[PDB]
Amino acid sequence: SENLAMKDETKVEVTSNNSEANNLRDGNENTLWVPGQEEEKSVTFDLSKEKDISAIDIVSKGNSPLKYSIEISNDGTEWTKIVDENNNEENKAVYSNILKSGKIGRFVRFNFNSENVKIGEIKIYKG
Ligand SMILES: [Ca+2]
């Protein structure tokens with residue numbers, strides 16, 4: 001159902017190329033966020049409040065299989081890594097992940113460790 005990434009109250013921070021940051025949540029899979037060569041390419045969503053998070057899609061437009069992890073937090077200091085695909089070699093257009101029942105968080109952080117990362121969209125579904 002509802003895509004929290006596109007809620008007005010949701011803010012987004014990126015480790016590079018801030019000019020393209022809103023491309024992560026504009027509802028258009030072909031508008032991309034393409035990070036530069038920083039060692040830790042990362043995106044953090046602040047949902048503004050602690051919310052139910054049921055599922056997450058990452059639309060990956062680059063050539064290489066995406067290597068990534070997903071972390072969540074309530075206070076923004078203590079993080080729980082809920083998906084760890086840093087060694088992934090599977091090549092998919094969309095990397096979907098369904099969360100355990102009852103997962104909540106205010107912050108959702110995405111770390112990308114592959115090459116040619118180009119993210120068309122990140123969708124964070126509440127139930
Ligand atoms: Ca987009």
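Data table
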| read-out | value |
| --- | --- |
| Selection within region 81-127 - out of contact with any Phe, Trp or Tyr (no Cβ under 6 Å at 6 or more places or on another chain) and among the acidic types (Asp, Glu) | 84, 89, 90, 115, 121 |
| Residue that is surrounded by the most Cβ atoms within 10 Å (Cβ to Cβ) [pool: residues in region 1-34 that are among the polar types (S, T, N, Q) and part of a helix (DSSP H, G or I)] | 23 |
| Yes/no for residue 3 being in contact with a helix residue (DSSP H, G or I) (Cβ under 9 Å, 6 or more places away or on another chain) and within 16 Å of the ligand (Cβ to nearest atom) | yes |
| Matching residues, region 33-84, being within 16 Å of the ligand (Cβ to nearest atom) and out of contact with any strand residue (DSSP E or B) (no Cβ under 7 Å at 6 or more places or on another chain) | 34, 62 |
| Subset of region 6-32 (residues that are within 14 Å of the ligand (Cβ to nearest atom) and of a type in the set (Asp, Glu)) | 20, 26, 29 |
| Matching strands (runs of 3 or more DSSP E) fully within region 35-126 where at least 1 residues are touching a residue at least 60 places away in the same chain (Cβ under 8 Å) and buried (at least 20 other Cβ atoms within 10 Å of the Cβ) | 41-52, 55-60, 104-112, 119-126 |
| All positions within region 9-48 that are in contact with a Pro (Cβ under 9 Å, 6 or more places away or on another chain) and among the charged types (D, E, K, R) | 20, 41 |
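A short reminder: the numbers here are calculations on the coordinates, not readings from a lab. Neighbour counts are summed over all protein chains in view; Cβ atoms, including those assigned to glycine, are modelled from backbone coordinates with ideal geometry.
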